[PDB]
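File shown: start_13.cif. Contents: mmCIF, C-alpha atoms and all ligand atoms.
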data_protein
#
loop_
_atom_site.group_PDB
_atom_site.id
_atom_site.type_symbol
_atom_site.label_atom_id
_atom_site.label_comp_id
_atom_site.auth_asym_id
_atom_site.auth_seq_id
_atom_site.Cartn_x
_atom_site.Cartn_y
_atom_site.Cartn_z
ATOM 1 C CA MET T 1 92.586 246.208 138.023
ATOM 2 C CA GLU T 2 91.236 245.249 141.428
ATOM 3 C CA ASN T 3 87.920 246.317 139.901
ATOM 4 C CA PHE T 4 87.998 243.331 137.553
ATOM 5 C CA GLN T 5 88.241 239.586 138.121
ATOM 6 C CA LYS T 6 89.679 237.908 135.038
ATOM 7 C CA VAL T 7 87.541 234.877 134.271
ATOM 8 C CA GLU T 8 89.152 233.521 131.145
ATOM 9 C CA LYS T 9 91.760 234.559 128.593
ATOM 10 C CA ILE T 10 89.552 235.159 125.544
ATOM 11 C CA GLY T 11 92.201 235.806 122.914
ATOM 12 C CA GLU T 12 95.157 237.870 121.770
ATOM 13 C CA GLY T 13 93.293 240.580 119.947
ATOM 14 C CA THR T 14 95.370 242.617 117.511
ATOM 15 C CA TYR T 15 96.859 245.135 120.015
ATOM 16 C CA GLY T 16 97.320 243.018 123.119
ATOM 17 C CA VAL T 17 95.374 240.361 125.015
ATOM 18 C CA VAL T 18 91.628 240.165 125.634
ATOM 19 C CA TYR T 19 90.055 238.664 128.771
ATOM 20 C CA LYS T 20 86.500 237.879 129.839
ATOM 21 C CA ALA T 21 86.075 239.721 133.124
ATOM 22 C CA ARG T 22 83.524 240.610 135.797
ATOM 23 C CA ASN T 23 83.208 244.039 137.395
ATOM 24 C CA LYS T 24 83.413 243.115 141.105
ATOM 25 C CA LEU T 25 81.316 246.168 142.069
ATOM 26 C CA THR T 26 78.513 246.055 139.491
ATOM 27 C CA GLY T 27 78.717 242.396 138.492
ATOM 28 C CA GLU T 28 78.589 243.078 134.756
ATOM 29 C CA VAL T 29 80.540 240.676 132.547
ATOM 30 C CA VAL T 30 82.756 242.390 129.977
ATOM 31 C CA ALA T 31 85.637 241.960 127.553
ATOM 32 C CA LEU T 32 88.809 243.535 128.905
ATOM 33 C CA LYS T 33 91.528 244.297 126.380
ATOM 34 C CA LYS T 34 94.991 244.663 127.899
ATOM 35 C CA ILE T 35 97.556 246.784 126.053
ATOM 36 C CA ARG T 36 101.012 246.880 127.658
ATOM 37 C CA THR T 41 105.967 252.485 128.356
ATOM 38 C CA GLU T 42 106.837 256.218 128.285
ATOM 39 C CA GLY T 43 103.500 258.115 128.168
ATOM 40 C CA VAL T 44 101.780 256.589 125.110
ATOM 41 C CA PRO T 45 100.087 258.403 122.331
ATOM 42 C CA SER T 46 97.789 261.221 122.981
ATOM 43 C CA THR T 47 96.789 261.023 119.378
ATOM 44 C CA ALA T 48 95.644 257.424 119.892
ATOM 45 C CA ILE T 49 93.582 258.496 122.905
ATOM 46 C CA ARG T 50 91.636 260.852 120.657
ATOM 47 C CA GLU T 51 90.931 258.395 117.840
ATOM 48 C CA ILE T 52 90.178 255.907 120.623
ATOM 49 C CA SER T 53 87.839 258.238 122.547
ATOM 50 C CA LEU T 54 86.292 258.659 119.091
ATOM 51 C CA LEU T 55 85.581 254.909 118.964
ATOM 52 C CA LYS T 56 83.542 255.422 122.168
ATOM 53 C CA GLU T 57 81.013 257.615 120.353
ATOM 54 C CA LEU T 58 80.243 254.879 117.808
ATOM 55 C CA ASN T 59 76.721 253.837 118.761
ATOM 56 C CA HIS T 60 75.051 251.145 116.663
ATOM 57 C CA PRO T 61 73.489 247.721 117.401
ATOM 58 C CA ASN T 62 75.981 245.970 115.108
ATOM 59 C CA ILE T 63 79.077 247.510 116.672
ATOM 60 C CA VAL T 64 80.485 246.178 119.958
ATOM 61 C CA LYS T 65 80.233 248.982 122.529
ATOM 62 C CA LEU T 66 83.452 250.440 123.927
ATOM 63 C CA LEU T 67 82.359 251.017 127.529
ATOM 64 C CA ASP T 68 85.469 252.657 128.958
ATOM 65 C CA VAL T 69 89.155 253.386 128.428
ATOM 66 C CA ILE T 70 91.439 253.215 131.441
ATOM 67 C CA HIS T 71 95.069 254.346 131.314
ATOM 68 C CA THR T 72 97.016 252.997 134.326
ATOM 69 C CA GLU T 73 100.018 250.980 135.595
ATOM 70 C CA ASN T 74 101.843 251.825 132.359
ATOM 71 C CA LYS T 75 99.043 250.027 130.504
ATOM 72 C CA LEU T 76 95.930 250.807 128.493
ATOM 73 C CA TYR T 77 92.759 248.923 129.374
ATOM 74 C CA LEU T 78 89.815 248.920 126.996
ATOM 75 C CA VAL T 79 86.522 247.763 128.523
ATOM 76 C CA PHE T 80 84.137 246.363 125.909
ATOM 77 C CA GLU T 81 80.684 244.845 125.721
ATOM 78 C CA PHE T 82 80.988 241.036 125.869
ATOM 79 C CA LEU T 83 79.599 238.487 123.400
ATOM 80 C CA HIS T 84 79.904 234.722 123.759
ATOM 81 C CA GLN T 85 81.289 233.482 120.412
ATOM 82 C CA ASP T 86 83.193 234.755 117.374
ATOM 83 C CA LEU T 87 82.428 233.958 113.752
ATOM 84 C CA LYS T 88 85.547 231.815 113.368
ATOM 85 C CA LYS T 89 84.453 229.452 116.135
ATOM 86 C CA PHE T 90 80.939 229.387 114.668
ATOM 87 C CA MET T 91 82.284 228.567 111.195
ATOM 88 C CA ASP T 92 84.444 225.779 112.602
ATOM 89 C CA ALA T 93 81.464 224.461 114.591
ATOM 90 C CA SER T 94 79.327 224.272 111.422
ATOM 91 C CA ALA T 95 81.994 223.227 108.914
ATOM 92 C CA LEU T 96 80.362 219.843 108.203
ATOM 93 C CA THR T 97 76.819 221.194 107.983
ATOM 94 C CA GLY T 98 77.385 224.649 106.523
ATOM 95 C CA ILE T 99 75.844 227.861 107.809
ATOM 96 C CA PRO T 100 72.292 228.019 106.385
ATOM 97 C CA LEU T 101 71.946 230.664 103.626
ATOM 98 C CA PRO T 102 69.378 232.893 105.432
ATOM 99 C CA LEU T 103 71.769 233.151 108.378
ATOM 100 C CA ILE T 104 74.758 233.977 106.159
ATOM 101 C CA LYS T 105 72.595 236.617 104.454
ATOM 102 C CA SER T 106 71.380 238.013 107.793
ATOM 103 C CA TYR T 107 74.955 238.244 109.077
ATOM 104 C CA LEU T 108 76.230 239.928 105.904
ATOM 105 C CA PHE T 109 73.312 242.350 105.997
ATOM 106 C CA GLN T 110 73.895 243.337 109.633
ATOM 107 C CA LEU T 111 77.657 243.801 109.070
ATOM 108 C CA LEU T 112 76.965 246.015 106.058
ATOM 109 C CA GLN T 113 74.599 248.032 108.264
ATOM 110 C CA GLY T 114 77.434 248.329 110.799
ATOM 111 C CA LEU T 115 79.955 249.392 108.173
ATOM 112 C CA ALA T 116 77.485 251.808 106.551
ATOM 113 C CA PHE T 117 77.232 253.450 109.973
ATOM 114 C CA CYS T 118 81.004 253.570 110.661
ATOM 115 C CA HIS T 119 81.849 254.773 107.200
ATOM 116 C CA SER T 120 79.289 257.596 107.355
ATOM 117 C CA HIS T 121 81.096 258.798 110.482
ATOM 118 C CA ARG T 122 84.432 258.454 108.682
ATOM 119 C CA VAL T 123 85.495 255.492 110.843
ATOM 120 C CA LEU T 124 87.189 252.453 109.258
ATOM 121 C CA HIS T 125 87.539 249.062 110.878
ATOM 122 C CA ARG T 126 90.857 248.311 109.069
ATOM 123 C CA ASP T 127 91.193 244.810 110.564
ATOM 124 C CA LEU T 128 88.032 242.919 109.600
ATOM 125 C CA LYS T 129 88.371 239.142 109.979
ATOM 126 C CA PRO T 130 86.197 236.330 111.401
ATOM 127 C CA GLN T 131 87.828 236.612 114.836
ATOM 128 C CA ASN T 132 86.700 240.277 114.955
ATOM 129 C CA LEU T 133 83.022 239.381 114.352
ATOM 130 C CA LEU T 134 81.009 238.382 117.440
ATOM 131 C CA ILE T 135 77.641 236.623 117.618
ATOM 132 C CA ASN T 136 74.989 236.060 120.245
ATOM 133 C CA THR T 137 72.020 233.783 120.730
ATOM 134 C CA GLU T 138 69.549 236.364 119.323
ATOM 135 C CA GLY T 139 70.888 236.263 115.772
ATOM 136 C CA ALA T 140 73.006 239.389 116.092
ATOM 137 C CA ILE T 141 76.525 239.766 114.708
ATOM 138 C CA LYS T 142 78.793 242.651 115.732
ATOM 139 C CA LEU T 143 82.011 244.274 114.498
ATOM 140 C CA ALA T 144 84.645 244.194 117.274
ATOM 141 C CA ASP T 145 88.231 245.190 118.035
ATOM 142 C CA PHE T 146 88.467 248.057 115.529
ATOM 143 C CA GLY T 147 92.040 248.749 114.423
ATOM 144 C CA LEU T 148 93.642 252.180 114.690
ATOM 145 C CA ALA T 149 95.454 254.280 112.074
ATOM 146 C CA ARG T 150 98.594 253.802 114.170
ATOM 147 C CA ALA T 151 97.944 253.311 117.899
ATOM 148 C CA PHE T 152 100.802 251.231 119.220
ATOM 149 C CA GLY T 153 102.168 250.174 115.841
ATOM 150 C CA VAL T 154 101.294 249.384 113.197
ATOM 151 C CA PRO T 155 103.158 246.308 114.441
ATOM 152 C CA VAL T 156 103.526 243.033 112.578
ATOM 153 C CA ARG T 157 101.371 241.308 115.192
ATOM 154 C CA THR T 158 98.766 242.049 117.893
ATOM 155 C CA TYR T 159 101.960 241.842 119.633
ATOM 156 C CA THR T 160 105.030 239.679 120.263
ATOM 157 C CA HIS T 161 104.052 236.502 119.610
ATOM 158 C CA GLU T 162 101.886 235.019 117.026
ATOM 159 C CA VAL T 163 99.723 235.011 113.886
ATOM 160 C CA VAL T 164 99.359 238.286 111.937
ATOM 161 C CA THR T 165 96.821 237.889 109.094
ATOM 162 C CA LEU T 166 96.941 239.069 105.495
ATOM 163 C CA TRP T 167 94.026 236.938 104.373
ATOM 164 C CA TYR T 168 91.480 239.754 104.507
ATOM 165 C CA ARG T 169 93.689 242.615 103.296
ATOM 166 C CA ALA T 170 92.536 244.666 100.288
ATOM 167 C CA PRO T 171 94.914 244.721 97.309
ATOM 168 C CA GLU T 172 95.460 248.476 97.404
ATOM 169 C CA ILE T 173 96.962 247.987 100.903
ATOM 170 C CA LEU T 174 99.258 245.200 99.700
ATOM 171 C CA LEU T 175 100.257 247.461 96.776
ATOM 172 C CA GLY T 176 101.569 250.106 99.187
ATOM 173 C CA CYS T 177 98.725 252.590 99.286
ATOM 174 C CA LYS T 178 99.194 255.213 101.989
ATOM 175 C CA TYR T 179 95.642 256.467 102.437
ATOM 176 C CA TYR T 180 92.963 253.871 103.188
ATOM 177 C CA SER T 181 89.435 254.267 101.945
ATOM 178 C CA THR T 182 86.284 252.724 103.390
ATOM 179 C CA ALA T 183 86.657 250.300 100.467
ATOM 180 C CA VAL T 184 89.256 248.214 102.355
ATOM 181 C CA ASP T 185 86.537 247.061 104.800
ATOM 182 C CA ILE T 186 84.207 246.055 101.981
ATOM 183 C CA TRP T 187 87.023 243.936 100.565
ATOM 184 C CA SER T 188 87.576 242.209 103.914
ATOM 185 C CA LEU T 189 83.842 241.627 104.340
ATOM 186 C CA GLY T 190 83.683 240.190 100.832
ATOM 187 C CA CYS T 191 86.420 237.696 101.774
ATOM 188 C CA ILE T 192 84.508 236.743 104.932
ATOM 189 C CA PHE T 193 81.260 236.307 102.953
ATOM 190 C CA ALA T 194 83.025 233.882 100.581
ATOM 191 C CA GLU T 195 84.406 232.031 103.575
ATOM 192 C CA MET T 196 80.989 231.637 105.277
ATOM 193 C CA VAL T 197 79.635 230.161 102.028
ATOM 194 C CA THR T 198 82.482 227.817 101.098
ATOM 195 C CA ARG T 199 83.779 227.090 104.633
ATOM 196 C CA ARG T 200 87.339 227.767 103.495
ATOM 197 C CA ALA T 201 89.353 231.018 103.549
ATOM 198 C CA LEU T 202 89.239 232.704 100.149
ATOM 199 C CA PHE T 203 92.836 233.998 99.965
ATOM 200 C CA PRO T 204 94.978 232.306 102.648
ATOM 201 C CA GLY T 205 98.366 233.908 101.961
ATOM 202 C CA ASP T 206 101.604 232.908 103.697
ATOM 203 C CA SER T 207 103.379 236.213 102.964
ATOM 204 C CA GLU T 208 102.526 239.608 101.521
ATOM 205 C CA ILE T 209 103.556 238.640 97.997
ATOM 206 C CA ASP T 210 101.834 235.247 98.291
ATOM 207 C CA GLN T 211 98.679 237.006 99.477
ATOM 208 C CA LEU T 212 98.801 239.312 96.509
ATOM 209 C CA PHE T 213 99.521 236.480 94.072
ATOM 210 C CA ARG T 214 96.672 234.338 95.481
ATOM 211 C CA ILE T 215 94.321 237.255 94.676
ATOM 212 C CA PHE T 216 95.853 237.633 91.192
ATOM 213 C CA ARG T 217 95.450 233.894 90.483
ATOM 214 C CA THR T 218 91.751 234.085 91.239
ATOM 215 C CA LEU T 219 90.638 237.542 90.028
ATOM 216 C CA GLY T 220 93.303 238.041 87.363
ATOM 217 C CA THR T 221 96.429 240.201 87.468
ATOM 218 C CA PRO T 222 95.080 243.779 87.561
ATOM 219 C CA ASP T 223 96.117 246.293 84.886
ATOM 220 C CA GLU T 224 95.192 249.790 83.716
ATOM 221 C CA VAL T 225 91.967 248.625 82.001
ATOM 222 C CA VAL T 226 90.347 247.162 85.129
ATOM 223 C CA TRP T 227 92.157 249.397 87.678
ATOM 224 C CA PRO T 228 93.330 252.810 86.320
ATOM 225 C CA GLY T 229 96.458 253.912 88.162
ATOM 226 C CA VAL T 230 97.439 250.470 89.501
ATOM 227 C CA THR T 231 100.734 250.311 87.589
ATOM 228 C CA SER T 232 101.834 253.491 89.351
ATOM 229 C CA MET T 233 101.216 252.212 92.865
ATOM 230 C CA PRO T 234 104.310 252.260 95.142
ATOM 231 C CA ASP T 235 104.706 248.455 95.358
ATOM 232 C CA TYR T 236 103.379 247.552 91.902
ATOM 233 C CA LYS T 237 105.988 245.732 89.807
ATOM 234 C CA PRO T 238 105.864 245.303 86.013
ATOM 235 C CA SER T 239 107.384 241.880 86.702
ATOM 236 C CA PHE T 240 104.187 240.526 88.380
ATOM 237 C CA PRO T 241 103.087 237.366 86.584
ATOM 238 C CA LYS T 242 100.100 237.848 84.283
ATOM 239 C CA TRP T 243 97.330 235.583 85.520
ATOM 240 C CA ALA T 244 94.050 235.378 83.620
ATOM 241 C CA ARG T 245 90.906 236.025 85.626
ATOM 242 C CA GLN T 246 89.465 232.592 86.304
ATOM 243 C CA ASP T 247 85.718 232.067 86.049
ATOM 244 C CA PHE T 248 83.874 233.350 89.101
ATOM 245 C CA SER T 249 81.442 230.408 89.312
ATOM 246 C CA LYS T 250 84.400 228.434 90.623
ATOM 247 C CA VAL T 251 85.013 230.936 93.455
ATOM 248 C CA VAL T 252 81.982 230.469 95.720
ATOM 249 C CA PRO T 253 79.889 227.486 94.635
ATOM 250 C CA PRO T 254 77.113 226.713 95.040
ATOM 251 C CA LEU T 255 76.130 230.340 95.866
ATOM 252 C CA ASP T 256 73.247 231.669 93.724
ATOM 253 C CA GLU T 257 73.703 234.419 91.117
ATOM 254 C CA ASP T 258 72.460 237.192 93.447
ATOM 255 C CA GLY T 259 75.112 236.226 95.961
ATOM 256 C CA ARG T 260 77.781 235.852 93.301
ATOM 257 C CA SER T 261 76.851 239.238 91.830
ATOM 258 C CA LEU T 262 77.162 241.024 95.182
ATOM 259 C CA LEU T 263 80.414 239.259 96.091
ATOM 260 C CA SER T 264 81.825 240.276 92.742
ATOM 261 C CA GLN T 265 81.077 243.939 93.455
ATOM 262 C CA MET T 266 82.669 243.714 96.911
ATOM 263 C CA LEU T 267 85.818 242.256 95.351
ATOM 264 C CA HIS T 268 86.393 244.800 92.551
ATOM 265 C CA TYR T 269 90.079 245.705 92.290
ATOM 266 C CA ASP T 270 89.549 249.458 91.843
ATOM 267 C CA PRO T 271 88.658 250.829 95.295
ATOM 268 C CA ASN T 272 86.497 253.445 93.535
ATOM 269 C CA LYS T 273 84.423 250.844 91.657
ATOM 270 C CA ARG T 274 84.096 248.600 94.710
ATOM 271 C CA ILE T 275 80.539 248.685 96.105
ATOM 272 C CA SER T 276 79.913 250.890 99.164
ATOM 273 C CA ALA T 277 78.278 249.444 102.267
ATOM 274 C CA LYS T 278 75.111 251.462 101.686
ATOM 275 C CA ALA T 279 74.802 250.502 97.997
ATOM 276 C CA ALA T 280 75.403 246.864 99.012
ATOM 277 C CA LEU T 281 72.388 246.976 101.375
ATOM 278 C CA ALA T 282 70.264 247.659 98.266
ATOM 279 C CA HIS T 283 71.536 244.680 96.275
ATOM 280 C CA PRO T 284 68.856 242.197 95.067
ATOM 281 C CA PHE T 285 70.586 239.525 97.215
ATOM 282 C CA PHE T 286 68.867 241.086 100.225
ATOM 283 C CA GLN T 287 65.359 241.030 98.693
ATOM 284 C CA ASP T 288 64.411 238.181 101.013
ATOM 285 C CA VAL T 289 66.680 238.854 104.000
ATOM 286 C CA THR T 290 65.352 237.700 107.388
ATOM 287 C CA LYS T 291 66.780 237.268 110.875
ATOM 288 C CA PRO T 292 67.305 233.585 111.783
ATOM 289 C CA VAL T 293 68.806 232.626 115.131
ATOM 290 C CA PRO T 294 71.990 230.547 115.231
ATOM 291 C CA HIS T 295 72.224 227.305 117.176
ATOM 292 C CA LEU T 296 74.978 228.111 119.650
ATOM 293 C CA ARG T 297 76.849 225.680 121.866
ATOM 294 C CA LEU T 298 78.217 227.862 124.655
HETATM 295 N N1 LIG Q 301 85.026 230.975 122.412
HETATM 296 S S1 LIG Q 301 85.216 231.957 121.157
HETATM 297 O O1 LIG Q 301 86.442 231.676 120.459
HETATM 298 O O2 LIG Q 301 84.218 231.774 120.067
HETATM 299 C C1 LIG Q 301 85.103 233.635 121.700
HETATM 300 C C2 LIG Q 301 85.940 234.627 121.113
HETATM 301 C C3 LIG Q 301 85.836 235.901 121.526
HETATM 302 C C4 LIG Q 301 84.906 236.222 122.543
HETATM 303 N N2 LIG Q 301 84.818 237.616 122.996
HETATM 304 N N3 LIG Q 301 85.570 238.423 122.468
HETATM 305 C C5 LIG Q 301 85.385 239.858 122.458
HETATM 306 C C6 LIG Q 301 86.372 240.624 121.781
HETATM 307 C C7 LIG Q 301 86.231 242.008 121.736
HETATM 308 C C8 LIG Q 301 85.128 242.607 122.342
HETATM 309 O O3 LIG Q 301 84.981 243.951 122.292
HETATM 310 N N4 LIG Q 301 84.181 241.846 122.988
HETATM 311 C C9 LIG Q 301 84.280 240.524 123.072
HETATM 312 O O4 LIG Q 301 83.392 239.913 123.663
HETATM 313 C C10 LIG Q 301 84.070 235.239 123.128
HETATM 314 C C11 LIG Q 301 84.175 233.953 122.698
#

Output the file's structure in the form of structure tokens.
Ligand SMILES: NS(=O)(=O)c1ccc(/N=N/c2ccc(O)[nH]c2=O)cc1
Amino acid sequence: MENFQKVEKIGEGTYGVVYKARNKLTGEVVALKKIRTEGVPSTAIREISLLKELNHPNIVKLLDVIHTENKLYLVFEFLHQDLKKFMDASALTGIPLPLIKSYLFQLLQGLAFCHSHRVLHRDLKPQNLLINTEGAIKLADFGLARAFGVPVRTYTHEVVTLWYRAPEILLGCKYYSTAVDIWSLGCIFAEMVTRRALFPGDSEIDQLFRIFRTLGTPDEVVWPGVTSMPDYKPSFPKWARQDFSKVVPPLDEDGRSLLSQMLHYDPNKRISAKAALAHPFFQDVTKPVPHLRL
């Protein structure tokens, strides 16, 4: 727009490209998501306008939605750093446990909110988690049931990511449950602790097999109905579940317990965001402030 001076290309955020921008009338600094024709989908505009009504301190605010120039512009609250950059910045030192715990707690509060309004994130990954200097972390760039795709990229371009995808999705499930977000958040939790991605797949089958190698090949005893899922194959290799103490060391037993419940195969056994908030891991949760180099 003329209304907005692009300051800096922030990223390429899962539907298009995101810029840091200043409103030349009001002066406010925002995130501007650009989505590039043929009168695009009224049904997206309603699940999008729905995203606008999400109101919670741990969810990045969608300020406005502007449809123009054969484009869709989403105007979002701006934060100065994402979790991926923060994790890279502290990869030698580690993120201190109280801060990891604070971040996990806030994100569970955010998901508990979304999920109680029947909204799923669908695309949770470090790059979609934004932090500020006050110790806050916020869910950003929510994905849509369809929107513009579901493409195999934000667009065009570059690096689509399977790393945080729940196994029921990889196994061809049609209807997502809130559980898929808990799985992604579990993967992110592991990654904050170990400073390495938990399941860094290079393809959809490699992603699935990396999960099987770690958590064991699922069967009817641990996940009733799995062998009838659309993409399940009897020919999957049978990997034994490897011991969980090897997964996220040196995380304490409270942390390992909670992670284990967030990574249950069966989406019905997987812990809910609200039940997670009650886990003994959060007995001593506080709100540290990060040291941010902006
Ligand atoms: N320099 S950095 O990589 O850590 C980084 C990354 C993203 C960023 N802002 N991104 C946003 C994305 C979506 C949104 O609704 N708001 C944002 O601020 C601001 C900074």

Shell around residue 285 of chain T at 10 Å using all atoms listed in the file, local window under 6 positions removed, as a list in words |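 After dropping sequence-adjacent residues, the list is residues 105, 109, 256, 257, 258, 259, 260, 261, 262 and 263 of chain T.
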
Can you list what the PyMOL selection byres (((chain T and resi 65-72) around 9) and not hetatm) grabs from this structure, as a ChimeraX atom specification?
-> /T:1,30,49,52-53,55-61,63-64,73-82,144

Include C-alpha atoms and write out the residues we just selected as a PDB file, in the coordinates of the input.
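Printed below is part21.pdb as written:
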ATOM      1  CA  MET T   1      92.586 246.208 138.023  1.00  0.00           C
ATOM      2  CA  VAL T  30      82.756 242.390 129.977  1.00  0.00           C
ATOM      3  CA  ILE T  49      93.582 258.496 122.905  1.00  0.00           C
ATOM      4  CA  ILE T  52      90.178 255.907 120.623  1.00  0.00           C
ATOM      5  CA  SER T  53      87.839 258.238 122.547  1.00  0.00           C
ATOM      6  CA  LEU T  55      85.581 254.909 118.964  1.00  0.00           C
ATOM      7  CA  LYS T  56      83.542 255.422 122.168  1.00  0.00           C
ATOM      8  CA  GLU T  57      81.013 257.615 120.353  1.00  0.00           C
ATOM      9  CA  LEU T  58      80.243 254.879 117.808  1.00  0.00           C
ATOM     10  CA  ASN T  59      76.721 253.837 118.761  1.00  0.00           C
ATOM     11  CA  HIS T  60      75.051 251.145 116.663  1.00  0.00           C
ATOM     12  CA  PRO T  61      73.489 247.721 117.401  1.00  0.00           C
ATOM     13  CA  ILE T  63      79.077 247.510 116.672  1.00  0.00           C
ATOM     14  CA  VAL T  64      80.485 246.178 119.958  1.00  0.00           C
ATOM     15  CA  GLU T  73     100.018 250.980 135.595  1.00  0.00           C
ATOM     16  CA  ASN T  74     101.843 251.825 132.359  1.00  0.00           C
ATOM     17  CA  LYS T  75      99.043 250.027 130.504  1.00  0.00           C
ATOM     18  CA  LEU T  76      95.930 250.807 128.493  1.00  0.00           C
ATOM     19  CA  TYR T  77      92.759 248.923 129.374  1.00  0.00           C
ATOM     20  CA  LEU T  78      89.815 248.920 126.996  1.00  0.00           C
ATOM     21  CA  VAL T  79      86.522 247.763 128.523  1.00  0.00           C
ATOM     22  CA  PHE T  80      84.137 246.363 125.909  1.00  0.00           C
ATOM     23  CA  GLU T  81      80.684 244.845 125.721  1.00  0.00           C
ATOM     24  CA  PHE T  82      80.988 241.036 125.869  1.00  0.00           C
ATOM     25  CA  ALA T 144      84.645 244.194 117.274  1.00  0.00           C
TER      26      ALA T 144
END

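The space separating atom CA of residue 206 of chain T from atom CA of residue 10 of chain T comes to 25.1 Å.
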
Identify all residues satisfying the PyMOL selection byres (((not hetatm)) within 10 of (chain Q and resi 301)) in the given file; provide them as a PDB file with C-alpha atoms, in the frame of the given file.
ATOM      1  CA  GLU T   8      89.152 233.521 131.145  1.00  0.00           C
ATOM      2  CA  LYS T   9      91.760 234.559 128.593  1.00  0.00           C
ATOM      3  CA  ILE T  10      89.552 235.159 125.544  1.00  0.00           C
ATOM      4  CA  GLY T  11      92.201 235.806 122.914  1.00  0.00           C
ATOM      5  CA  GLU T  12      95.157 237.870 121.770  1.00  0.00           C
ATOM      6  CA  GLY T  13      93.293 240.580 119.947  1.00  0.00           C
ATOM      7  CA  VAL T  17      95.374 240.361 125.015  1.00  0.00           C
ATOM      8  CA  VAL T  18      91.628 240.165 125.634  1.00  0.00           C
ATOM      9  CA  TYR T  19      90.055 238.664 128.771  1.00  0.00           C
ATOM     10  CA  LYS T  20      86.500 237.879 129.839  1.00  0.00           C
ATOM     11  CA  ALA T  21      86.075 239.721 133.124  1.00  0.00           C
ATOM     12  CA  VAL T  29      80.540 240.676 132.547  1.00  0.00           C
ATOM     13  CA  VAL T  30      82.756 242.390 129.977  1.00  0.00           C
ATOM     14  CA  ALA T  31      85.637 241.960 127.553  1.00  0.00           C
ATOM     15  CA  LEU T  32      88.809 243.535 128.905  1.00  0.00           C
ATOM     16  CA  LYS T  33      91.528 244.297 126.380  1.00  0.00           C
ATOM     17  CA  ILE T  63      79.077 247.510 116.672  1.00  0.00           C
ATOM     18  CA  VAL T  64      80.485 246.178 119.958  1.00  0.00           C
ATOM     19  CA  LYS T  65      80.233 248.982 122.529  1.00  0.00           C
ATOM     20  CA  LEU T  66      83.452 250.440 123.927  1.00  0.00           C
ATOM     21  CA  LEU T  67      82.359 251.017 127.529  1.00  0.00           C
ATOM     22  CA  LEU T  78      89.815 248.920 126.996  1.00  0.00           C
ATOM     23  CA  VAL T  79      86.522 247.763 128.523  1.00  0.00           C
ATOM     24  CA  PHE T  80      84.137 246.363 125.909  1.00  0.00           C
ATOM     25  CA  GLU T  81      80.684 244.845 125.721  1.00  0.00           C
ATOM     26  CA  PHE T  82      80.988 241.036 125.869  1.00  0.00           C
ATOM     27  CA  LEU T  83      79.599 238.487 123.400  1.00  0.00           C
ATOM     28  CA  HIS T  84      79.904 234.722 123.759  1.00  0.00           C
ATOM     29  CA  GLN T  85      81.289 233.482 120.412  1.00  0.00           C
ATOM     30  CA  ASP T  86      83.193 234.755 117.374  1.00  0.00           C
ATOM     31  CA  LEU T  87      82.428 233.958 113.752  1.00  0.00           C
ATOM     32  CA  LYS T  88      85.547 231.815 113.368  1.00  0.00           C
ATOM     33  CA  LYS T  89      84.453 229.452 116.135  1.00  0.00           C
ATOM     34  CA  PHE T  90      80.939 229.387 114.668  1.00  0.00           C
ATOM     35  CA  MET T  91      82.284 228.567 111.195  1.00  0.00           C
ATOM     36  CA  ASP T  92      84.444 225.779 112.602  1.00  0.00           C
ATOM     37  CA  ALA T  93      81.464 224.461 114.591  1.00  0.00           C
ATOM     38  CA  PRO T 130      86.197 236.330 111.401  1.00  0.00           C
ATOM     39  CA  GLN T 131      87.828 236.612 114.836  1.00  0.00           C
ATOM     40  CA  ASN T 132      86.700 240.277 114.955  1.00  0.00           C
ATOM     41  CA  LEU T 133      83.022 239.381 114.352  1.00  0.00           C
ATOM     42  CA  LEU T 134      81.009 238.382 117.440  1.00  0.00           C
ATOM     43  CA  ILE T 135      77.641 236.623 117.618  1.00  0.00           C
ATOM     44  CA  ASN T 136      74.989 236.060 120.245  1.00  0.00           C
ATOM     45  CA  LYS T 142      78.793 242.651 115.732  1.00  0.00           C
ATOM     46  CA  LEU T 143      82.011 244.274 114.498  1.00  0.00           C
ATOM     47  CA  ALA T 144      84.645 244.194 117.274  1.00  0.00           C
ATOM     48  CA  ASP T 145      88.231 245.190 118.035  1.00  0.00           C
ATOM     49  CA  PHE T 146      88.467 248.057 115.529  1.00  0.00           C
ATOM     50  CA  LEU T 296      74.978 228.111 119.650  1.00  0.00           C
ATOM     51  CA  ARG T 297      76.849 225.680 121.866  1.00  0.00           C
ATOM     52  CA  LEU T 298      78.217 227.862 124.655  1.00  0.00           C
TER      53      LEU T 298
END

Run the PyMOL selection byres (((chain T and resi 291) around 6) and not hetatm) mentally over the shown coordinates, then write out the matched residues as a ChimeraX atom specification, using the chain letters and numbers from the document.
-> /T:106,290,292

Write out as a ChimeraX atom specification which residues come within 12 Å of residue 220 of chain T when counting all atoms listed in the file, dropping same-chain ones fewer than 6 positions away.
-> /T:212-214,226-227,240-248,267-269

Might you pull out every residue within 10 Å of segment 119-123 of chain T, with all atoms listed in the file counted and same-chain residues fewer than 6 positions away left off, and present them as a list in words?
->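 My list of contacting residues is residues 51, 54, 55, 57, 58, 113, 146, 148, 181, 182, 183, 185, 276, 277 and 278 of chain T.
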
Residues within 7 Å of residue 3 of chain T, all atoms listed in the file, excluding chain neighbours under 4 positions, as a list in words =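 So, after excluding close chain neighbours, the residues are residues 23, 24 and 25 of chain T.
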
In Å and to one decimal, atom CA of residue 198 of chain T is distant from atom CA of residue 253 of chain T by 7.0 Å
